[PDB]
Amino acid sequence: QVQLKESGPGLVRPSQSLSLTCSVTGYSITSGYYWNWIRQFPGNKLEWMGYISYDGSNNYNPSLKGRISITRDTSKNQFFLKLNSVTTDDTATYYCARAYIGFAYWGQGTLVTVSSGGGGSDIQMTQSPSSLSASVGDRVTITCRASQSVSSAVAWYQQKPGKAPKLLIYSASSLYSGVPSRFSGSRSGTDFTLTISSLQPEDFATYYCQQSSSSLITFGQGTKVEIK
């Protein structure tokens, strides 16, 4: 009976193409059924990516249309995944599977990692907390940790819904002209803190850190400060 087996490189660089092969034995991919690719992200979530059917027709997940191709070689009884312009988000265990009602037969899965070289240019900002309940008059503290040293090339921005972000702080601790003095910033090694000394009703917003040490500028994930 049917067996499926994935093969291909286990490491791909960001912006390159990820290519995987599923070798099917015991049943011809031209006889019937749908021949699928499915991936499992590091946090265990599963995503159906697409299929090629027994007649060569395709159907792809809308989240991937435009950069995914599933093809086949009927003479080798193999079908293929090609995922273009990958990012670290495509780090996952890739499975092939035969389906009709459900995915009744699965390959064993193969881990593909997407990761830059990438050295001093490769800097993340980890912002916390993601969300903060606060009251008028509270002291609010938002932190951001750089994945490696960024010197003091850190800026903080405020964004309200439907509007462009506004600059608050630059060079970690310099208040941008016209910004109220209740806003301040500070640095401790790789830790950056934005402080609102006494929160005001116009301060409910999302705040973002940003590093410009690498020419690959990056933002933190943002902190939403939320009213009752």
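Just count from 1 along the sequence shown to find any residue number.
According to the PDB record, 196 to 204 carries the higher mean C-alpha B-factor of the two stretches 196 to 204 and 50 to 58. Of the two stretches examined, 112 to 120 and 83 to 91, the record assigns the greater average C-alpha temperature factor to 112 to 120. Taking only the listed residues 152, 158, 141, 78, the entry reports the highest CA temperature factor at 141. Sorting 28, 188, 174, 40 by the CA temperature factor given in the entry leaves 188 at the top. The deposited CA B-factor of residue 67 belongs to the middle third of values across its chain. In the deposited entry, the Cα temperature factor of residue 11 sits in the top third of values across the chain's modelled residues. Ranked by Cα temperature factor within the chain, residue 102 sits in the middle third according to the deposited record. Ranked within its chain, residue 165 lands in the lowest third, by CA B factor from the PDB record.
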